[PDB]
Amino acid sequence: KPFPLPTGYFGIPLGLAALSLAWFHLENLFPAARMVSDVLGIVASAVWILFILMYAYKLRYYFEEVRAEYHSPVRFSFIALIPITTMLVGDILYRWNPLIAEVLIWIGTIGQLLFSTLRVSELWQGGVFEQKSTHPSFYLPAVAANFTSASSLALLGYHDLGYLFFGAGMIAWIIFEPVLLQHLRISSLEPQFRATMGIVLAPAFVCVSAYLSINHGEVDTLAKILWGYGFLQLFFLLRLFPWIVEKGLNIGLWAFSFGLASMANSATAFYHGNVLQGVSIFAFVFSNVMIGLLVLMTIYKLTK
């Protein structure tokens, strides 16, 4: 029996793809990592293909559900997961076929830029977006899609292009988070949306990963500044975790994967640069354990 695939589900391959790329950067330090990087990679791409097929199905037979998602001042943001993961799969495929990889990366970059130009600017005409629309998911089209373009174009050798996209993501981040934290302080989020709190972890770590990708792994003052703020939000989120899962654990916690994987990626670069190697090992293992718990609970839900 057919069914419209919920767009949020792209968060699953996203996380897994990100984790692949983290292990991929351990290769020259520990060659066995390459094996791990391949397995995650293949799995992430399999799911991605399947999900793309399902979403194409949803575009033909449930198109009005997609349109309603697209016009919502909140739900549209999850549409951005599609180009994002498309770019990440591109990065994975680069290790085997740089030509398919570049095609995918350009599809994802052009698509996310076009999505945000169409929709996020249109938010500025007012009267649709409301105060209660201020959701962490807004980071996906505004910030994460940009950081992913930046690292992917860097992967292809377009470093200055990557810098333009990186600046767009970083300043969009700093421009949106103030009002998001203020809204969280005043109204916060209903249990149905609380799992979305995990995206709050993402901006600093995704930022630093894209920055280190474009600047050839140079762990400078900026990268440490970013890492400090990221660990601050990590601690806040750890303290908040009981409240976030107050109504029970659920697949929505895949929202943390993006931050967790990015932490692991950044950890790798901090480890090559010989900066805070102990914190790096801790971060790398902790994000891997957390994404492993997520995969275990997702298999338990699927097989039951």
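Numbers follow the displayed sequence, beginning with 1.
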Between the two ranges 293-301 and 4-12, the one averaging a larger CA B factor in the entry: 293-301
Residue stretch of maximal mean CA temperature factor, 92-100 vs 200-208: 92-100
Residue with maximal Cα B-factor (values as given in the PDB entry) among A267, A68, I49, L260: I49
Which of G252, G41, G273, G278 ranks first by CA B-factor in the deposited coordinates: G252
CA B-factor ranking of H216, expressed as a third of its chain: highest
Ranked C-alpha temperature factor of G126 among modelled chain residues, by third: middle
Chain-wide C-alpha B factor ranking for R119, given as lowest, middle or highest third: middle
Third of the chain's Cα B-factor distribution that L189 belongs to, per the entry: highest
Chain third (lowest, middle, highest) by recorded CA B-factor, residue given as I110: middle
